[PDB]
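Here it is, the structure, as structure tokens.
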Number of protein chains: 2
Amino acid sequence: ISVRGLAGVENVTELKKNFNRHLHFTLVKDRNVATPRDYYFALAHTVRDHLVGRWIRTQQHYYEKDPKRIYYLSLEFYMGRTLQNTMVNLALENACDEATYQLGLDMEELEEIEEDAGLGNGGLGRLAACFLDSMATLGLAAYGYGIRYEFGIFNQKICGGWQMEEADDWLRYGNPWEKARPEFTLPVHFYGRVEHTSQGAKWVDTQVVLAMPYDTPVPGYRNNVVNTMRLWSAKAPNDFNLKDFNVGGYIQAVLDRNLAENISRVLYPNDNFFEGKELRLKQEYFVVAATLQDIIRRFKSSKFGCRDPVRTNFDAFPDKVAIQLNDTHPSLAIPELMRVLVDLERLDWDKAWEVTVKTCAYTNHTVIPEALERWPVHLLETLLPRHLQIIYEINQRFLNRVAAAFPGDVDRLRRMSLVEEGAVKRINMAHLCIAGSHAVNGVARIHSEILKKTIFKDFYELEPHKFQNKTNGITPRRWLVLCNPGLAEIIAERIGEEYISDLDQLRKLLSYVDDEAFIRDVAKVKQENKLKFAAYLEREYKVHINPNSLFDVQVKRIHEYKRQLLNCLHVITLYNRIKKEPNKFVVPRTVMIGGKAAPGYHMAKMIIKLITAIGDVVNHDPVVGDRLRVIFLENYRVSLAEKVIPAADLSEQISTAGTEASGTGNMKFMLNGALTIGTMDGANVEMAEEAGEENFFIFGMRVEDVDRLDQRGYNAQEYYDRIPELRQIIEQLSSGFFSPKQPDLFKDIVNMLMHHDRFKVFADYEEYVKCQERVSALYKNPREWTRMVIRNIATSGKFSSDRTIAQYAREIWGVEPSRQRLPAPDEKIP
Amino acid sequence: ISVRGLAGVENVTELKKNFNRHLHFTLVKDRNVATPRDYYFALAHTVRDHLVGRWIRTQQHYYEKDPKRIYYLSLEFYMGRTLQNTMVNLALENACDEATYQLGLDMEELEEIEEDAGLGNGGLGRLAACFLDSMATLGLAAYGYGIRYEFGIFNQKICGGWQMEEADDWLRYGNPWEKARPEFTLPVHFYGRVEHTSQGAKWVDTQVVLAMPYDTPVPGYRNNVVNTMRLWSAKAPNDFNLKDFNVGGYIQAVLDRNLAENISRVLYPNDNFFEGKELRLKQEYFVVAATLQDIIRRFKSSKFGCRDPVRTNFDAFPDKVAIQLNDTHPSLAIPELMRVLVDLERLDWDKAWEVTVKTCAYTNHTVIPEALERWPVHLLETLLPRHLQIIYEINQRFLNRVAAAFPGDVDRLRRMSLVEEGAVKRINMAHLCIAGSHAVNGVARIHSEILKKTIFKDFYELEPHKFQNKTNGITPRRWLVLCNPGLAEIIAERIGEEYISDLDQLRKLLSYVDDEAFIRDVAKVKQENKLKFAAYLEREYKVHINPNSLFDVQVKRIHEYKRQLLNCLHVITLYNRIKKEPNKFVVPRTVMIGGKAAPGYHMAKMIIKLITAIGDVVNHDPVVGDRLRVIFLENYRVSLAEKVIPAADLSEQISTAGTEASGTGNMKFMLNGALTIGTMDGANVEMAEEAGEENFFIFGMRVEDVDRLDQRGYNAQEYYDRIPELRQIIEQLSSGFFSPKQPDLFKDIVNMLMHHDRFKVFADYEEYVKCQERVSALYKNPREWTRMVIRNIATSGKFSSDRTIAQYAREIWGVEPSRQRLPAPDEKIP
Ligand SMILES: O=c1[nH]cnc2c1ncn2[C@@H]1O[C@H](COP(=O)(O)O)[C@@H](O)[C@H]1O
Ligand SMILES: O=c1[nH]cnc2c1ncn2[C@@H]1O[C@H](COP(=O)(O)O)[C@@H](O)[C@H]1O
Ligand SMILES: OC[C@H]1O[C@H](O)[C@H](O)[C@@H](O)[C@@H]1O
Ligand SMILES: OC[C@H]1O[C@H](O)[C@H](O)[C@@H](O)[C@@H]1O
Ligand SMILES: O=[P-]([O-])[O-]
Ligand SMILES: O=[P-]([O-])[O-]
């Protein structure tokens, strides 16, 4: 059937009876009233059963051996569905497929019932998920720590072409994967005040909110390692949230508990944008405070909680603990770690600081100013009074280090300050993370250089040893074996299966680049994938597309820097050229654009309306026929990504050079047989460098060209004046050609494009359409297109998150990866 | 070990492996980190497994045979713990005891870990629970319908002698018994307006809240019948509660969902008191609306949803459906049933009314005015506009019936109106229930007569056939076999086990009233029970009591009509007599008073403080020694009741004649070996009548004496003037003898007692202490006391809820009870 594992005789029979056990005892249903949802749950519980045994020994193991622990703190974990992925990592896919078949059910139909775990916005959240999978696969004693939002990223609905947001009630039917652990509930404090008494400061009169943990298993690829993802939930104490007496109402007091519990209610839907709301800061301290207590408790047991030097010596803390900060969201971990060590454990400042710097590491994800976290001091002052004091003290001693290094450089002092003066005083969380971490990394080579050359230049001059790079990656399990079994099978037919955990081996595929059978096969799976997607489209969304056309897809969050608008300009150009010479041949294309816009991002929402507006005109023009369709992919999310990427021919990674930190969608497309048209931005540079620029469609300004243009001054009128095709398009938008009933509907877009384009869309227009003509030319030559595809696939090995994690481990965490199978799952009950 | 069933070889081995399965696969723990709480859950899941098989066939059975369905609507279901009770009804107690023992665990220690299901206030809620158990045991196709409050009756804490309320987070650790059924979620409407168009009225522009059901199994006693208790939970729709667009905030919209969900958040802690709050009315319509849709859906399938006359003829609705209204809380079921039939199904008013009257029956629980539900019309007008219209129309046609029956009687017309004029117009929910039900019953013979003679006199004259009586009862399973196995065993040693489901057989115990061995045994279990309670006291609450003394206990909600104050007066009298003649012998007594006060009931909270105040003085008087202790039983609830009742010698049922509808605690004491000192109130009359007044300690005014006194006019000064002992006590309270630091602390109690005692405490004082002297005299004669006890126990059979349910069934519901074992639980998978 494929190498989805063995469909053993004993195991298929075992699966079936367990499926029935659960349907009866766990779901309390009888075959006669069972719906597909019940069947999905019976299977999920059956599958979950296979990894609890491994989960328990894995954790018991780490307790016995006591290795260095890796704690990955992130406010986002974009997980997606977990049934198939669990089957894949346990080599259960074929057995379950067989078993459910014999039970008279379609496994694929049941998989579609599982709700996505959308506790993420985009790139950053998905990175955390891929990292978790790789850390388990590389056998590291790692823990994912975050917030269990009861409402994830909103579900996007398109009404009259506009995006409508609706609550993502993903827990509505239950989550069979998590395990509530109410017995490890921890208290978290807010507000209060600071008392300075005799031997130390005291955080007093605080409001207590409880953090209840939920553990979800994270299985490594076929190695019997099951790590843990602990997600905290907010709970109100039953005392003060009722006991602070003297009138108000007993009923109201109980109803008011949903005020402390709102902390974990919903995920903020902002991607690369900072919103200084109090609820957000509360979520940030909430995940940090609870997680650190858990980390320290585990450390206090280790082997020190037995003997060792005997004396809770935190000198070995850094040798047993490593906490990675996914962006500055968990930045409070730095002053909080200081607070505990100093205020509670009573260590001296300098010893505490040495420990904190040695255990914390920070990862930066963007260079745009509006994405930077700068928290108003008055907020920190009211909510976390002692942390503000600690931050001021950290700033004081840091700046003294600067003044000592650069005597007299008074401007450098203010530039580097963690405290920003002005309208309102703010705290620069990034400056905080650089100062309190022993490593700061970028997510792609060029982004990492930009950090040293620009944004964190002063910091780099002060401590060059801190700055590193760790190019992002994706997990080949979910992003290849899971979403594209057809491609994984033919690759395996030639080079084996070892590449699933050693992607570098894909290079061996280079020797089949002239193999007639392989070229036929690679091309066949892509055709099969496109047919399946074209079908899903009519099934669930309804209104036909042509599977013979080129599948041009751009899927990612809607942003001005991602330039979906530049894509739009090209689509309209193709339309206008067809209307000019109708009977002239052009390569057919289905251009699919999908992504979510933050609810408050007006421009982004205006762009989604433009996309749909173009499709209204283009898709109903009889002269155009089937040569060009514009489709907007609704509710783009992880599970939808697993469907479109394997069916894409052209991947669009066209952000303005210097704005996209790295990107990971680009890597997903490269590994699944799509050719890339993009700018020399983020990881695009490394991809092109790996596959060879000849097998890549690069266009537009390089970072240097952008800077030259800024020195000069960007004037969009110039481009409007010298390019008639561009001019024609702008006058089409301005006159209501795409919005008949509301002729001035797109005035904000035109106005912006001409007068405030921060991302110079026009400057790359000519080179973009010129470059698009070249891919059309190559698509007309099936054999050469496919041969270039093989060149990309065969060279994508470097972009596996296993390579990324192995580097973090060695160069930052100080631990050695291991592909050693844990001693089976075998029963055992001590 | 006892007749807690057989500890079979095969079944004890089976239990143990299943215990381990769950501990591993379900709780995901390993023996090395398992705590008693985990062990309790492993057992609970194991026990729950044994009744799912039965649960599924029971429901499948009712679907096949299609009998008349009994729907018990109540806003309260005072369930308590369910582990032991499930073991008892499945004959699993000894097997589980053995199994856990072999596993090295104490079952009793694990049972104490289960949290109580306190979805009730007192008498009314507990009645519903006992009824459920009996309906299952009598094999009726009955369904309990209510609200799944996430916070039940508050946990009571005593601080400095005052009651402190604290949220009852009973779901904190999970509920292994319930089964969420998100697939049967139903919509409920609120607000909106009424449109009158061409062919009918339309309830329009409403706010939708979703009702999600949760099913808990209700097992009959050893008959393999497992009925269902469906509890609704409020959920916000993900559309409008987000989709009603045009600014406000995306985050706020999601956070605001906890406004529709507040409907099922907490139970109102009022016992026999009406609070006209909007949240309450919303809970009331919420349980009613969701339940009726469920009832009709089930009816639409039956055998009509196949053929029959063919034409949804609701003429047979009353022949297949019976809905019992537990008080007027679910009274909206009447106008709601009308709304559906008329507005949706389009039946004519008169046919709809005939159907509604024929399927609804109402049970009244009290005669005090402040406990009556009179909802302000402006509330109904805004929240349920169409129901108000229906109610007005019901009133119109009802009153026309009255005028036709009593021509010219204009005052009778206003007295009987469902609409009350005055300050604000209100709707009398009780008048509504009488008019729309074919049966109205009281809960005790005297209470039922009082309803006909007083409160509902006019209604009785109009339709005498509607008024019935159904004396309350308690379930002998939880209230005998579960809480007092020692007593159940010795009874069984003599007359067998058949009495557990046929309490009448306890009469055979009369022939052992002179049996020397039995008297020794009855007395022995009571001594064993008192010793165990005296121990629990020091274990969990700490500060000694004497097990040789008389256990004088009064446990029930704190009320002015229950007269805990009269008890207090007696306690202080005993104290003063001892201080007068210290070296004189008196029978030692431990008087225990327990119960909860509604948070807003100031007087009730003042009484709890008085009780504790008396204990502060009495319990520390060296001259008193061990002859008198005053203890306040903290957090009285179901599980605590199972502990005190079996250990009580004297039961206090001293409410003012005519105020206690029935009472059930009195029956629990009688069946467990306690003698009763009380007034001729509620069921006390029937109990005394059954055991013989010679074996009962009756005192005080009878209903007639109370009325005579009211004609005359109650003047407490008179009693204060002629009784020196009483006078001494009042001057003790007035001068701060019981409150040194705050001498005027109890001024409200004294003031009330002397000037506004609605329950004439003083009028019964003399006869109460006189009567108390008589029980002390009899307690001095162990053999005669025990012989009287045997006379009570042997005569308590009539107070089983099995007798009560059999009468409801035959005389109201029109169904025949059956003690037929359902065809085993045996596997099966169709
Ligand atoms: O005190 C202990 N004794 C024995 N095993 C322990 C102890 N603490 C942790 N463990 C084991 O380590 C796993 C890790 O627990 P955690 O990391 O503290 O959540 C547990 O599930 C146990 O198998
Ligand atoms: O349409 C039906 N076909 C077969 N069995 C049914 C059907 N509806 C109800 N049942 C059975 O009756 C039980 C009662 O369902 P309910 O009373 O509607 O909640 C179900 O769990 C099934 O065993
Ligand atoms: O680092 C993970 C991702 O974080 C953010 O979403 C960046 O915009 C993206 O470029 C990067 O790939
Ligand atoms: O009917 C059940 C119970 O309802 C109420 O709690 C009444 O006060 C009580 O007398 C009665 O026994
Ligand atoms: O993270 P990028 O692929 O939008
Ligand atoms: O219901 P009663 O025993 O307080």
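Per Swiss-Prot, chain A residues shown: 14-843, in order.
This entry, so its header tells us, was determined using X-ray crystallography, 2.5 Å.
Including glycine, each Cβ sits where the backbone N, Cα and C put it.
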Can you find which of A:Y76, A:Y85, A:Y281 Swiss-Prot lists as binding AMP at the same site as A:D43, A:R310, A:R311, A:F312, A:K313, A:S314, A:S315, A:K316, A:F317, A:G318, A:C319?
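Between A:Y76, A:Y85, A:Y281, Swiss-Prot records just one in the AMP site with A:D43, A:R310, A:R311, A:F312, A:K313, A:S314, A:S315, A:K316, A:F317, A:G318, A:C319, namely A:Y76.
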Pick from A:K29, A:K592, A:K681: which one does Swiss-Prot list as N6-(pyridoxal phosphate)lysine?
A:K681
Compared by Cα position, which of the recorded positions A:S15, A:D43, A:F312 is the closest one to A:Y156 (site 'Can be labeled by an AMP analog')?
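Nearest candidate: A:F312.
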Under 8 Å Cβ-Cβ to chain B, which of the recorded positions A:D43, A:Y156, A:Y204, A:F312, A:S747?
A:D43
Report, in whole Å, the straight Cα-to-Cα distance of A:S748 (phosphoserine) from A:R310 (AMP binding site).
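Answer for this pair: 66 Å between alpha carbons.
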Spatially, which candidate from the binding-site residues A:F312, A:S314, A:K316, A:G318 is nearest to A:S747 (phosphoserine), comparing Cα atoms?
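Nearest by Cα distance to A:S747 (phosphoserine): A:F312.
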Spatially, and counting Cα to Cα, which of the recorded positions is closest to A:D43 (AMP binding site)? Options: A:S15, A:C109, A:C143, A:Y204, A:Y227.
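That would be A:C109, the closest of A:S15, A:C109, A:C143, A:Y204, A:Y227 to A:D43 (AMP binding site).
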Within 10 Å of the Cβ of A:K316 (AMP binding site), how many other Cβ atoms are there?
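Taking every protein chain into account, the count is 12.
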State, in Å as a whole number, the widest CA to CA span among the AMP-binding residues A:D43, A:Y76, A:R310, A:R311, A:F312, A:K313, A:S314, A:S315, A:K316, A:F317, A:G318, A:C319 given in the record.
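It comes out at 53 Å between the most distant Cα atoms.
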Please tell me which one of the recorded positions listed here (A:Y204, A:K316, A:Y473, A:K681, A:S748) sits closest to A:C143 (site 'Involved in the association of subunits'), measuring Cα to Cα?
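Sorting the recorded positions by distance from A:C143 (site 'Involved in the association of subunits'), the top entry is A:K681.
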Using all protein chains shown, find which of the recorded positions A:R310, A:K681 scores highest when you count other CB atoms within 10 A of its CB.
A:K681
Select the most exposed residue of A:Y204, A:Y473, where exposure means the fewest other Cβ atoms within 10 Å, treating these as the modified residues.
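Selected from the modified residues A:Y204, A:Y473 on minimum Cβ neighbours within 10 Å: A:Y204.
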Do me a favour and check the Cα-Cα span between A:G318 (AMP binding site) and A:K681 (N6-(pyridoxal phosphate)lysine); whole Å is fine.
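If we compare the Cα positions of A:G318 (AMP binding site) and A:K681 (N6-(pyridoxal phosphate)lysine), the gap is 45 Å.
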Which of the listed recorded sites (A:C109, A:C143) has the least company, meaning the fewest other Cβ atoms within 10 Å of its Cβ?
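Fewest other Cβ atoms within 10 Å, among the recorded sites A:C109, A:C143, is found for A:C143.
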Only counting partners 6 or more residues apart, tell me which same-chain residues put their Cβ under 8 Å from the Cβ of A:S748 (phosphoserine).
A:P756
